[PDB]
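Engineer: Please find the sequence and an experimentally derived structure below.
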Amino acid sequence: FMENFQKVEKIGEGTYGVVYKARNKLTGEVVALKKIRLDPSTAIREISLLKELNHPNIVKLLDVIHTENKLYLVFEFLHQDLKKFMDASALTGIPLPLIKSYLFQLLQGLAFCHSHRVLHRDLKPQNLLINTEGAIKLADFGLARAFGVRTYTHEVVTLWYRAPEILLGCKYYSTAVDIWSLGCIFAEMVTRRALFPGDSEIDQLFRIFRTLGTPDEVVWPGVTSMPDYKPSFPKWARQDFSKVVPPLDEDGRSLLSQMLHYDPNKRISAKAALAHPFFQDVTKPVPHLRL
Ligand SMILES: Nc1nc(Oc2cccc(CC(=O)O)c2)c2nc[nH]c2n1
């Protein structure tokens, strides 16, 4: 039972707590209602600022509810996430024109958030939401900074999309962490398999190294001074993208390689990525959603 909502139904266990599908009692609309699993006043103010952000490729934060010493976030509900859509599309693959549309849209949403000095820090297929009109939207922008290195979830957290600087213990987040994650998601849409499905912080880092080569001071000045860098890390040579994401074409592989540079400073920006030749013929196809 809830004092302001009716027909509350659990969607799943989110990064910050349980997420419900809920029907506002006054208005009848259906929203995603996120109960933050506390044991953070600064976290109200900061998240409340995110109510002001509005872009077609960002899931709207409708409200921040602090009542009865509980904290809830209210977002615009969408019917499917990209993880479920990829699973539903596994036999055929997501068509290339739709992969390209979704990547383009996701870059537009990141470029918007980054221009407003908001990072995600934890993009993953389970917080990318899709609708029947061919849109894809990013949920939970800005929450990690406002929450913050900290775990609020009971589920196994996924590491598969974490940038290598994070895994190497750098406590300084930049826009580049979101480009990395999106590159990993791009590769997963194309190949129908996760790019780096690590089961721990070291297995994640070693999966990256075995594909991209062990980083060194030549490709990543400063890497050998990251907090968790060890000189004893095996030295793997780097494989070619052509083996990693076939049959993605020359344009897609070039863009992906720029999204996956080791040095965050060298990683393409969202804005620059939107100008890449890969998007010359981008379109907005209609997806086949089974709800
Ligand atoms: N249907 C739906 N689901 C959402 O988030 C979930 C719901 C459950 C789990 C996760 C995964 C995670 O948090 O790791 C995200 C929404 N956010 C805004 N609108 C939303 N609509």
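Structural biologist: That came in fine, so what should we check first? Numbers count the residues shown, from 1 in each chain.
Engineer: And the chain, what are its domain boundaries?
Structural biologist: As assigned by curated CATH domains, the chain contains the domains 5-76, 84-279.
Engineer: The last one and the ligand, are they touching?
Structural biologist: Yes - figure legend: domain 84-279 in contact with the ligand (CB under 6 Å from any ligand atom); contacting residues 126-127, 129, 139. Using the backbone N, CA and C atoms, a C-beta is placed for each residue, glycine as well.
Engineer: Most neighbours among those residues, which one is it?
Structural biologist: residue 139 (25 neighbours; other CB atoms under 10 Å).
Engineer: Correct me if wrong: that residue contacts residue 128.
Structural biologist: Yes - under the contact definition of CB atoms under 8 Å, residue 139 touches residue 128, with a separation of 7.4 Å.
Engineer: For residue 216, the count of nearby residues, please.
Structural biologist: Residue 216 has 12 neighbours, counted by other CB under 10 Å.
Engineer: Contact partners for it?
Structural biologist: Residues in contact with residue 216 (CB atoms under 8 Å, 6 or more residues apart in numbering) are 223-224.
Engineer: and what of the one 4 residues further on?
Structural biologist: Shown in contact with residue 220 (CB under 8 Å, 6+ apart): 262-263.
Engineer: how about 10 Å then?
Structural biologist: If you count contacts by CB atoms under 10 Å, 6 or more residues apart in numbering, residue 220 has them with 164-165, 168, 226, 229, 261-266.
Engineer: Run a quick neighbour tally on the nearest residue to residue 35 once chain neighbours are set aside.
Structural biologist: Of all residues not flanking residue 35 in the chain, residue 17 sits nearest, at 4.6 Å (CB to CB, 6 or more residues apart in numbering). Per other CB under 10 Å, the neighbour tally for residue 17 reads 19.
Engineer: cool, the one 3 residues further on as well?
Structural biologist: With neighbours defined by other CB under 10 Å, the count for residue 20 comes to 22.
Engineer: What of residue 145?
Structural biologist: 16.
Engineer: and it, how far is that from residue 61?
Structural biologist: Computed as CB to CB, to the nearest Å, the residue 145 to residue 61 distance reads 14 Å.
Engineer: swap in residue 219?
Structural biologist: For residue 219, the distance to residue 61 - CB to CB - is 38 Å.
Engineer: Helix, strand, or coil at the most centrally placed residue in the chain?
Structural biologist: Closest to where the C-alpha atoms of the chain average out (CA atoms, centre = their mean) is residue 123, at 1.4 Å. Secondary structure, DSSP: H, G, I helix; E, B strand; the rest coil: residue 123 is coil.
Engineer: give me phi/psi at it?
Structural biologist: Phi and psi for residue 123, reported as degrees, to the nearest 10, are phi -70, psi 140.
Engineer: ok, now which ones touch it?
Structural biologist: 106, 109-110, 138-141, 161-162, 177-182, 184-185.
Engineer: Please flag which of the residues you listed sit within strands.
Structural biologist: Those of these mapping onto strands are residue 138, per DSSP state E.
Engineer: Narrow the contacts of residue 123 to those that are buried.
Structural biologist: Neighbour-count burial (16 or more other CB atoms under 10 Å) applied to the contacts of residue 123 gives 106, 109-110, 138-141, 161-162, 177-182, 184-185.
Engineer: what packs against the lengthiest helix in the chain?
Structural biologist: Assignment by DSSP state H gives helix 96-115 as the longest helix of the chain. Under the contact criterion of 3 or more CB pairs under 10 Å, 6 or more residues apart in numbering; DSSP states H and E, helix 96-115 touches helix 82-88, strand 128-130, strand 136-138, helix 176-191, helix 250-259, helix 270-274.
Engineer: Recalculate using a threshold of 8 Å.
Structural biologist: In terms of contacts (3 or more CB pairs under 8 Å, 6 or more residues apart in numbering; DSSP states H and E), helix 96-115 is packed against strand 128-130, strand 136-138, helix 176-191, helix 270-274.
Engineer: list the buried ones in it?
Structural biologist: 98-114.
Engineer: so how far is residue 138 from residue 260?
Structural biologist: Distance, residue 260 to residue 138, using CB to CB: 19 Å.
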